[PDB]
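Next up: the same protein chain in two forms, each one alone, written as structure tokens (structure 1, then structure 2).
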Structure 1
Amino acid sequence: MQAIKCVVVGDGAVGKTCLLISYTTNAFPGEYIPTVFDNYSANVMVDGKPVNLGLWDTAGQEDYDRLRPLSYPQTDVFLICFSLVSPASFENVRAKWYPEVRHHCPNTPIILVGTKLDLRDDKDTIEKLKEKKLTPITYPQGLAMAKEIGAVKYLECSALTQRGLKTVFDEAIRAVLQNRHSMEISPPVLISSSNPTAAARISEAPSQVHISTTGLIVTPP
């Protein structure tokens, strides 16, 4: 089975973990728990042929800067995420995440993902940004940032509503499997995860992330 490794990076609180849990299990977690590393191993069918996705979640906090690149070797595609309602997270795409990824991985494709699409029209969110002379990030603004960092695609989504969500992962797959026509991609079947919320939905005992000689590995429950 062809395997694809995808690593998700971006500022704290932009919605990386919810993106992964929502896509892989159609659930949306109930308490914000900061990530260290987590793995999701999910299968899809691309034009009727199985492909394994190895999805890696990372910590957005700067305290994990030294450790985070442990996840990077052998990555096939990065998702750099920012919240559509956090201008700071948007600027950090350029200031922090693009350089960090590119310095480690000069040739790996990047998809730029704007998250929390469901908040872009939220009155309270808009007003709070306006108090600070700011606005939610617009689609053209995200597109421009994607061009500045040489991302292969710019995509917007909500983990909460799932608008745009399948497309993020399908386009990540398409960006990797450049020889495939990839006309149709099935929803994912989660096989294993180290995230307790996601692992519980395979049932409905998480795997464990460990350091190994070869980088990060997963040990079964």
Structure 2
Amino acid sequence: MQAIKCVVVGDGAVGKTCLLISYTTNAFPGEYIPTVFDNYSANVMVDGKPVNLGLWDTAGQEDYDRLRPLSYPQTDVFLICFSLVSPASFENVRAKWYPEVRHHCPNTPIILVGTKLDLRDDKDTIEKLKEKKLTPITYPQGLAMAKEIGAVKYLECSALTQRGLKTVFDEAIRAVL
């Protein structure tokens, strides 16, 4: 039965750990956001044919440029993530994440994932950005970045509401089948 190593990369601001916890528990953790997600695997049926999905977090490695790639070899698919309400995290897809992923894994499928979809339409979030002469990242910005990096898909999700969340991981699997 097909096994899949999926590695989740991107800035601390994306909420990598929270994304994975909310996906695997089926709920935003709300009460306390745990800092630790240990390597996970579970059986999921996609397009009928069941699959063993493996999920590695990379949270904590954001400042260790030579430790991060220790996770990269033999990865089947990458989620390159930015927060839809952090322009900096979105630029880092281009500056930081895609390069090191290409350098180490030139032929591995990438899904471009926008997290914190629930905050893109949030008054306080929008306002706090406006004060720094910024706006949230909109859909065509995702599309344009996906194309530029050779992402197979651009997807937007919220861990909080679960909107688009299951879809992210379905598509990661489909990108390998």
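Numbers given to residues start at 1 and step along the sequence of structure 1. In this text, rigid core is short for the largest set of C-alphas that superpose within 1.5 Å between two forms. Shifts are known only where both forms have a C-alpha.
**Student:** Rigid core aligned, does the Cα position of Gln162 differ by 2 Å or more between structure 1 and structure 2?
**Tutor:** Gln162 C-alpha, core-superposed: shift of less than 2 Å.
**Student:** How about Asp38 - superposed on the rigid core, does its CA move between structure 1 and structure 2 by 2 Å or more?
**Tutor:** Indeed, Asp38 is displaced by 2 Å or more.
**Student:** Rigid core aligned, does the Cα position of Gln61 differ by 2 Å or more between structure 1 and structure 2?
**Tutor:** Shift at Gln61: 2 Å or more after core fit.
**Student:** Could the core-superposed CA displacement of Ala13 between structure 1 and structure 2 be given in angstrom, to one decimal?
**Tutor:** Displacement of the alpha carbon, after core fit: 2.5 Å.
**Student:** After lining up the core, report the Cα displacement of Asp47 between structure 1 and structure 2 in Å, one decimal place.
**Tutor:** Spelling it out: core superposed, C-alpha of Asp47 shifted, distance 4.3 Å.
**Student:** For a shift of 2 angstroms or more at every C-alpha, which runs of three or more consecutive residues qualify between structure 1 and structure 2, with the core superposed?
**Tutor:** Listed in sequence order, the moving runs between structure 1 and structure 2 are 27 to 38, 46 to 50, 59 to 64.
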